[PDB]
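Engineer: The following block contains the structure, expressed as structure tokens.
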Amino acid sequence: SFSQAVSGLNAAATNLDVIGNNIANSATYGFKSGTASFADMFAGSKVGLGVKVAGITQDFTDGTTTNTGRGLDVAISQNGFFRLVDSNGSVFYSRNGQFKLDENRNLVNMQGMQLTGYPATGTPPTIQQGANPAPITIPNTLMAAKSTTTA
Amino acid sequence: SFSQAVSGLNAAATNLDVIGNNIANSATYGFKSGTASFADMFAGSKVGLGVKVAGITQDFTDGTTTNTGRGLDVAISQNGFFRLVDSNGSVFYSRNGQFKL
Amino acid sequence: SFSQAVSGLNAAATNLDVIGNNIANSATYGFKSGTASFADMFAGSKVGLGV
Amino acid sequence: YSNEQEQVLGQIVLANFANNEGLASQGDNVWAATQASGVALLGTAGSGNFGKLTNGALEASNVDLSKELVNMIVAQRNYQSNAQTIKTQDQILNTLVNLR
Amino acid sequence: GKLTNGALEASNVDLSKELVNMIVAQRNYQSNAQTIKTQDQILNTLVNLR
Amino acid sequence: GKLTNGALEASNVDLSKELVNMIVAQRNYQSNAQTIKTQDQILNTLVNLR
């Protein structure tokens with residue numbers, strides 16, 4: 001009947017490592033603390049058999065804001081994730097406020113995934129909120145002169 | 001499962017030395033403060049495996065200007081690097097305002 | 001929870017230097033005195049976070 | 001820019017899930033949408049239930065070391081208690097086997 | 001930007017904030033150290049309870 | 001109340017009392033820490049006396 005102890009032992013091991021990751025990754029950015037639920041196992045007896053199984057969860061509470069100022073250090077309050085796109089056409093979510101402009105004039109994390117948003121159009125540009133979440137880029141090319149239309 | 005602690009430990013060590021270099025090199029010229037990002041490692045489990053990896057960055061904010069007057073002490077504001085060439089035909093960039101003939 | 005102290009510490013440092021510049025640049029011409037406002041940070045708790 | 005103005009380049013889109021809470025952890029600090037999370041709802045900062053996007057800041061981990069160290073120590077004791085349970089059973093079984 | 005002479009830029013490192021960073025980091029570091037010790041102790045326990 | 005101009009209210013925090021609060025609280029905190037250690041030590045004792 002060793003399973004009635006071993007199960008628990010293993011669950012405890014898992015718990016410790018979850019804690020370990022919280023501690024280690026306490027120096028990371030946007031990281032949300034992890035934890036785990038546990039539940040009683042197998043019936044067919046008045047006595048629980050096997051005994052325990054673990055279910056890992058993550059608690060997305062807000063962090064702090066950190067008096068930074070380099071790059072596009074955009075923090076976010078409350079709920080909300082930045083919508084990122086992997087170069088292979090895949091959508092991901094993140095609270096990684098660290099953004100920088102790459103050599104292609106694209107906003108990315110590090111990671112390296114593309115920050116998306118709504119496209120701008122017209123002159124001056126307008127935001128197409130109803131449009132699909134296009135990759136945000138920032139051209140370094142010139143504003144064309146625009147004739148007076150009215151005055 | 002020591003890796004889930006060791007990884008972090010190592011990351012922390014790196015962080016400390018990055019800070020150490022900022023402190024030491026605070027007396028240098030044109031030096032831009034360094035830092036590092038960190039990220040969660042390995043899936044295949046509800047629990048992060050390995051745990052952490054570091055990515056070093058450098059924040060090029062402007063410094064100060066320092067009331068000097070010898071040589072060709074040319075400071076630079078905002079963005080811009082001086083274009084330097086190594087005697088072996090190689091191009092480099094620097095904000096090292098100290099120049100001499 | 002060091003951030004709840006560090007934030008403030010940094011704010012204080014800034015304040016001091018603002019004052020420092022007012023003092024130093026008191027000998028300049030047309031210079032207008034500088035100062036700074038401060039505000040409470042992050043919710044999601046009864047206790048201010050960051051600060 | 002030099003033409004004496006500000007122009008819109010784009011709008012950062014924010015996403016909320018039904019559950020936020022349910023996302024599949026990946027990479028660096030990346031989450032994949034899941035059925036548990038439901039489908040992401042898009043919006044902008046300050047609209048609907050989408051928080052604000054102040055610049056000048058990083059969020060930083062919400063892990064509190066003053067409580068994690070405690071958790072760890074307690075967990076270690078619990079762990080050992082389980083270890084004794086096993087040893088107990090082992091000892092017993094060995095006893096049985098050899099009393100014959 | 002402009003190239004005024006008469007000046008050197010000097011490092012942008014702020015010691016009033018770096019010392020803080022360091023102290024905090026040290027505590028974090030030690031927390032990781034305990035995590036390892038914890039696991040080690042545990043493993044040793046297991047090995048010897050047999 | 002009245003709305004005189006020419007003034008800002010400024011925080012009502014009194015540092016002469018907050019520093020005191022802090023120091024006392026730290027001692028209290030440590031007392032709790034010993035309570036935990038006490039229990040831990042004890043449990044370890046029990047486990048190993050067998």
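Letters A, B, ... go to the chains of the structure tokens in the order shown; residues in each chain start at 1; ligands are counted from 1 in the same order.
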Counting only C-alpha atoms, a student should be able to say which residues of chain C come within 12 Å of chain F; what is the right answer, written as a PyMOL selection string?
Structural biologist: chain C and resi 37-40
Engineer: Put those residues in a file: C-alpha atoms, as an mmCIF file, in the first residue's frame.
Structural biologist:
```cif
data_model
loop_
_atom_site.group_PDB
_atom_site.id
_atom_site.type_symbol
_atom_site.label_atom_id
_atom_site.label_comp_id
_atom_site.auth_asym_id
_atom_site.auth_seq_id
_atom_site.Cartn_x
_atom_site.Cartn_y
_atom_site.Cartn_z
ATOM 1 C CA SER C 37 4.359 66.428 -8.021
ATOM 2 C CA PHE C 38 4.063 62.951 -6.673
ATOM 3 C CA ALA C 39 1.391 60.324 -6.902
ATOM 4 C CA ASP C 40 0.286 57.062 -5.382
#
```
Engineer: If the cut-off is 8 Å, can you tell me the residues of chain D near chain F, counting only C-alpha atoms? I'd like them as a list in words.
Structural biologist: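 Output check: residues 74, 77, 81 and 84 of chain D.
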Engineer: Pull the strand (DSSP E) assignments for chain B out of DSSP run on the backbone, and list those residues as a PyMOL selection string.
Structural biologist: chain B and resi 34-40+52-58+82-86+90-94
Engineer: Please identify every residue of chain D that has at least one atom no more than 8 Å from any atom of chain A, counting only C-alpha atoms, and report them as a ChimeraX atom specification.
Structural biologist: /D:3,7-16,20-22,27-33,49-65,68-69,71-72,75-76,78-79,82-83,85-86,89
Engineer: Calculate how many Å separate CA of residue 100 in chain D from CA of residue 47 in chain A, rounding to one decimal.
Structural biologist: 27.7 Å
Engineer: Write out as number ranges by chain all residues of chain D that DSSP puts in alpha helix (DSSP H) for this structure's backbone.
Structural biologist: D: 65-99
Engineer: Store the residues of this selection in a file with N, CA and C atoms, as a short mmCIF file (atom, residue, chain, number, x, y, z; two decimals), in the first residue's frame.
Structural biologist:
```cif
data_model
loop_
_atom_site.label_atom_id
_atom_site.label_comp_id
_atom_site.auth_asym_id
_atom_site.auth_seq_id
_atom_site.Cartn_x
_atom_site.Cartn_y
_atom_site.Cartn_z
N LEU D 65 8.64 37.24 -1.88
CA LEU D 65 9.61 36.38 -1.21
C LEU D 65 9.39 36.23 0.28
N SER D 66 8.74 37.20 0.92
CA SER D 66 8.52 37.10 2.36
C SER D 66 7.53 36.01 2.68
N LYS D 67 6.78 35.56 1.68
CA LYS D 67 5.79 34.56 1.91
C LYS D 67 6.20 33.26 1.26
N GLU D 68 7.00 33.35 0.20
CA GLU D 68 7.48 32.15 -0.45
C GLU D 68 8.47 31.39 0.38
N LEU D 69 9.32 32.10 1.11
CA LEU D 69 10.27 31.40 1.96
C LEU D 69 9.57 30.62 3.04
N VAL D 70 8.48 31.19 3.54
CA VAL D 70 7.69 30.55 4.56
C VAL D 70 7.05 29.30 4.02
N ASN D 71 6.47 29.43 2.83
CA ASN D 71 5.81 28.33 2.17
C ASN D 71 6.75 27.17 2.03
N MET D 72 7.96 27.47 1.57
CA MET D 72 8.98 26.48 1.37
C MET D 72 9.33 25.73 2.63
N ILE D 73 9.61 26.45 3.71
CA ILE D 73 9.99 25.80 4.96
C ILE D 73 8.90 24.86 5.46
N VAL D 74 7.67 25.33 5.44
CA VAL D 74 6.57 24.51 5.87
C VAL D 74 6.44 23.28 5.01
N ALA D 75 6.53 23.48 3.70
CA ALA D 75 6.43 22.39 2.77
C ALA D 75 7.48 21.33 3.03
N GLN D 76 8.70 21.75 3.35
CA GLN D 76 9.75 20.80 3.65
C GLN D 76 9.37 19.89 4.80
N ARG D 77 8.80 20.46 5.87
CA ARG D 77 8.39 19.62 6.98
C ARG D 77 7.33 18.63 6.56
N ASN D 78 6.39 19.09 5.75
CA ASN D 78 5.33 18.24 5.26
C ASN D 78 5.90 17.09 4.46
N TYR D 79 6.87 17.42 3.63
CA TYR D 79 7.53 16.47 2.78
C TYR D 79 8.12 15.35 3.61
N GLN D 80 8.87 15.72 4.64
CA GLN D 80 9.48 14.74 5.52
C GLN D 80 8.46 13.87 6.22
N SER D 81 7.33 14.45 6.60
CA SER D 81 6.30 13.64 7.22
C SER D 81 5.89 12.51 6.28
N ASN D 82 5.76 12.81 4.98
CA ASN D 82 5.42 11.79 4.01
C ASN D 82 6.52 10.74 3.94
N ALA D 83 7.77 11.20 4.00
CA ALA D 83 8.90 10.29 3.95
C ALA D 83 8.85 9.28 5.08
N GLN D 84 8.51 9.74 6.29
CA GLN D 84 8.39 8.81 7.40
C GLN D 84 7.29 7.82 7.18
N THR D 85 6.19 8.25 6.58
CA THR D 85 5.11 7.32 6.31
C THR D 85 5.61 6.16 5.47
N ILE D 86 6.41 6.47 4.45
CA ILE D 86 6.96 5.41 3.62
C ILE D 86 7.88 4.51 4.38
N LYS D 87 8.81 5.12 5.11
CA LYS D 87 9.75 4.34 5.89
C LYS D 87 9.04 3.43 6.84
N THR D 88 8.00 3.95 7.48
CA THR D 88 7.20 3.19 8.40
C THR D 88 6.70 1.94 7.74
N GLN D 89 6.05 2.10 6.59
CA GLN D 89 5.53 0.96 5.86
C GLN D 89 6.64 0.00 5.45
N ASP D 90 7.78 0.53 5.03
CA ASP D 90 8.88 -0.32 4.60
C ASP D 90 9.38 -1.18 5.72
N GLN D 91 9.65 -0.54 6.85
CA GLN D 91 10.12 -1.20 8.06
C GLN D 91 9.19 -2.31 8.45
N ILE D 92 7.91 -1.99 8.47
CA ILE D 92 6.88 -2.95 8.76
C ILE D 92 6.88 -4.13 7.86
N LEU D 93 6.97 -3.87 6.57
CA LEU D 93 6.95 -4.95 5.62
C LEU D 93 8.15 -5.84 5.82
N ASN D 94 9.30 -5.24 6.05
CA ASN D 94 10.52 -5.98 6.29
C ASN D 94 10.38 -6.84 7.54
N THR D 95 9.72 -6.28 8.56
CA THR D 95 9.47 -6.98 9.80
C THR D 95 8.69 -8.23 9.52
N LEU D 96 7.56 -8.06 8.85
CA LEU D 96 6.67 -9.15 8.48
C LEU D 96 7.41 -10.25 7.76
N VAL D 97 8.11 -9.86 6.69
CA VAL D 97 8.88 -10.77 5.88
C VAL D 97 9.84 -11.60 6.68
N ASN D 98 10.47 -11.00 7.67
CA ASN D 98 11.44 -11.75 8.41
C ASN D 98 10.93 -12.45 9.65
N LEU D 99 9.80 -12.03 10.21
CA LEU D 99 9.27 -12.78 11.34
C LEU D 99 8.84 -14.15 10.88
#
```
Engineer: What are the closest atom pairs, with distances in Å to one decimal, for each residue of chain B lying within 8 Å of chain A, using only C-alpha atoms, rows by chain and rising residue number, as a Markdown table?
Structural biologist:
```
| residue | atom | partner | partner_atom | distance |
| --- | --- | --- | --- | --- |
| B:1 | CA | A:17 | CA | 7.4 |
| B:4 | CA | A:21 | CA | 6.3 |
| B:5 | CA | A:20 | CA | 6.0 |
| B:7 | CA | A:24 | CA | 7.8 |
| B:8 | CA | A:24 | CA | 4.6 |
| B:9 | CA | A:24 | CA | 6.9 |
| B:12 | CA | A:27 | CA | 7.8 |
| B:37 | CA | A:28 | CA | 7.0 |
| B:38 | CA | A:28 | CA | 5.1 |
| B:39 | CA | A:28 | CA | 6.5 |
| B:40 | CA | A:25 | CA | 7.4 |
| B:46 | CA | A:56 | CA | 5.9 |
| B:47 | CA | A:18 | CA | 6.3 |
| B:48 | CA | A:21 | CA | 7.1 |
| B:51 | CA | A:21 | CA | 6.2 |
| B:52 | CA | A:25 | CA | 6.6 |
| B:55 | CA | A:110 | CA | 7.6 |
| B:59 | CA | A:70 | CA | 6.2 |
| B:60 | CA | A:70 | CA | 7.8 |
| B:61 | CA | A:70 | CA | 7.4 |
```
Engineer: Convert the current residue selection to file output with N, CA, C and O atoms, as a short mmCIF file (atom, residue, chain, number, x, y, z; two decimals), in the first residue's frame.
Structural biologist:
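After the write, result_32.cif holds the following:
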```cif
data_model
loop_
_atom_site.label_atom_id
_atom_site.label_comp_id
_atom_site.auth_asym_id
_atom_site.auth_seq_id
_atom_site.Cartn_x
_atom_site.Cartn_y
_atom_site.Cartn_z
N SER B 1 15.30 17.59 -9.35
CA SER B 1 14.69 18.78 -9.92
C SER B 1 15.45 20.04 -9.51
O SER B 1 14.88 21.14 -9.47
N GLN B 4 15.48 23.58 -11.34
CA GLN B 4 14.47 24.61 -11.18
C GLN B 4 14.87 25.66 -10.16
O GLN B 4 14.20 26.68 -10.02
N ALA B 5 15.96 25.42 -9.46
CA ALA B 5 16.48 26.37 -8.52
C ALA B 5 17.80 26.91 -9.04
O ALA B 5 18.03 28.11 -9.00
N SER B 7 18.94 27.18 -12.11
CA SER B 7 18.73 28.14 -13.18
C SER B 7 18.58 29.54 -12.65
O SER B 7 19.26 30.46 -13.09
N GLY B 8 17.68 29.69 -11.69
CA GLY B 8 17.41 30.97 -11.08
C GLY B 8 18.63 31.51 -10.38
O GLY B 8 18.93 32.70 -10.49
N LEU B 9 19.32 30.64 -9.66
CA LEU B 9 20.50 31.04 -8.93
C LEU B 9 21.50 31.69 -9.85
O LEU B 9 22.07 32.74 -9.54
N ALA B 12 20.45 35.08 -11.12
CA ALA B 12 20.68 36.07 -10.10
C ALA B 12 22.13 36.49 -10.07
O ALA B 12 22.44 37.68 -9.98
N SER B 37 16.87 41.26 -19.13
CA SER B 37 15.53 40.73 -19.09
C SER B 37 15.61 39.30 -18.66
O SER B 37 16.67 38.68 -18.74
N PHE B 38 14.51 38.75 -18.21
CA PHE B 38 14.51 37.36 -17.83
C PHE B 38 13.28 36.68 -18.36
O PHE B 38 12.22 37.31 -18.44
N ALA B 39 13.36 35.40 -18.64
CA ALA B 39 12.18 34.73 -19.14
C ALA B 39 12.03 33.33 -18.62
O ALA B 39 13.00 32.65 -18.28
N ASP B 40 10.78 32.90 -18.58
CA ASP B 40 10.37 31.58 -18.13
C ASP B 40 10.79 30.50 -19.11
O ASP B 40 10.67 30.67 -20.32
N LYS B 46 2.64 21.62 -16.40
CA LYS B 46 1.96 22.77 -15.86
C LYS B 46 2.97 23.64 -15.11
O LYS B 46 2.78 24.85 -14.95
N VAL B 47 4.03 23.01 -14.62
CA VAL B 47 5.07 23.65 -13.85
C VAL B 47 6.24 24.00 -14.74
O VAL B 47 6.69 23.15 -15.51
N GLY B 48 6.73 25.23 -14.64
CA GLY B 48 7.86 25.65 -15.46
C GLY B 48 9.07 24.78 -15.16
O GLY B 48 9.35 24.47 -14.00
N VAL B 51 13.31 26.95 -15.59
CA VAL B 51 12.78 28.16 -15.00
C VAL B 51 13.26 29.44 -15.62
O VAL B 51 12.44 30.17 -16.16
N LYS B 52 14.55 29.78 -15.55
CA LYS B 52 14.90 31.10 -16.03
C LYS B 52 16.13 31.25 -16.90
O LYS B 52 17.15 30.61 -16.69
N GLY B 55 18.50 37.76 -20.71
CA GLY B 55 18.82 38.48 -21.95
C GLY B 55 19.31 39.91 -21.63
O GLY B 55 18.52 40.78 -21.28
N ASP B 59 20.85 50.46 -21.91
CA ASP B 59 19.97 51.61 -22.12
C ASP B 59 20.72 52.91 -22.40
O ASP B 59 21.22 53.57 -21.49
N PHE B 60 20.76 53.28 -23.67
CA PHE B 60 21.46 54.47 -24.13
C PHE B 60 20.78 55.79 -23.86
O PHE B 60 20.37 56.48 -24.79
N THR B 61 20.70 56.18 -22.60
CA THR B 61 20.16 57.50 -22.29
C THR B 61 21.30 58.47 -22.36
O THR B 61 22.44 58.05 -22.20
#
```
Engineer: Specify as number ranges by chain all residues of chain B found within 7 Å of chain E, counting only C-alpha atoms.
Structural biologist: B: 2, 5, 8-9, 12, 16, 19, 22-23, 26-33, 61-69, 72-80, 97-98
Engineer: Just give me the gap between CA of residue 24 in chain D and CA of residue 37 in chain D in Å, one decimal is fine.
Structural biologist: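 Separating CA of residue 24 in chain D from CA of residue 37 in chain D is a distance of 8.7 Å.
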Engineer: Chain C residues within 9 Å of chain A, counting only C-alpha atoms: which ones, as a PDB file with N, CA and C atoms, in the first residue's frame?
Structural biologist:
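Wrote iface15.pdb, looks like this:
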```
ATOM      1  N   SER C   3       9.944  47.044  -3.283  1.00  0.00           N
ATOM      2  CA  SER C   3       9.491  48.074  -4.199  1.00  0.00           C
ATOM      3  C   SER C   3       8.690  49.163  -3.520  1.00  0.00           C
ATOM      4  N   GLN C   4       8.025  48.836  -2.409  1.00  0.00           N
ATOM      5  CA  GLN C   4       7.211  49.819  -1.716  1.00  0.00           C
ATOM      6  C   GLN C   4       8.038  50.814  -0.938  1.00  0.00           C
ATOM      7  N   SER C   7      10.695  52.598  -4.470  1.00  0.00           N
ATOM      8  CA  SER C   7      10.000  53.609  -5.245  1.00  0.00           C
ATOM      9  C   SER C   7      10.118  54.969  -4.608  1.00  0.00           C
ATOM     10  N   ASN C  10      13.659  56.489  -4.541  1.00  0.00           N
ATOM     11  CA  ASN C  10      14.018  57.049  -5.826  1.00  0.00           C
ATOM     12  C   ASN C  10      13.356  58.380  -6.041  1.00  0.00           C
ATOM     13  N   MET C  41       0.839  54.921  -6.329  1.00  0.00           N
ATOM     14  CA  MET C  41       0.864  53.893  -7.351  1.00  0.00           C
ATOM     15  C   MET C  41       0.165  52.592  -6.978  1.00  0.00           C
ATOM     16  N   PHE C  42      -0.232  51.879  -8.042  1.00  0.00           N
ATOM     17  CA  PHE C  42      -0.918  50.574  -8.124  1.00  0.00           C
ATOM     18  C   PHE C  42      -1.944  50.192  -7.076  1.00  0.00           C
ATOM     19  N   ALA C  43      -3.037  49.665  -7.593  1.00  0.00           N
ATOM     20  CA  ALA C  43      -4.138  49.187  -6.795  1.00  0.00           C
ATOM     21  C   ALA C  43      -4.120  47.668  -6.842  1.00  0.00           C
ATOM     22  N   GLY C  44      -5.284  47.030  -6.733  1.00  0.00           N
ATOM     23  CA  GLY C  44      -5.337  45.573  -6.693  1.00  0.00           C
ATOM     24  C   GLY C  44      -5.079  45.092  -5.271  1.00  0.00           C
ATOM     25  N   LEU C  49       0.706  49.763  -3.921  1.00  0.00           N
ATOM     26  CA  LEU C  49       1.792  48.907  -4.354  1.00  0.00           C
ATOM     27  C   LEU C  49       2.731  49.720  -5.187  1.00  0.00           C
ATOM     28  N   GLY C  50       4.022  49.494  -5.054  1.00  0.00           N
ATOM     29  CA  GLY C  50       4.982  50.342  -5.760  1.00  0.00           C
ATOM     30  C   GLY C  50       5.156  51.595  -4.936  1.00  0.00           C
ATOM     31  N   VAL C  51       4.090  52.384  -4.873  1.00  0.00           N
ATOM     32  CA  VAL C  51       3.900  53.541  -4.018  1.00  0.00           C
ATOM     33  C   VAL C  51       4.022  54.872  -4.703  1.00  0.00           C
TER      34      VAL C  51
END
```
Engineer: Just how far from CA of residue 49 in chain E is CA of residue 49 in chain A, in Å to one decimal?
Structural biologist: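 These atoms are spaced 23.1 Å apart.
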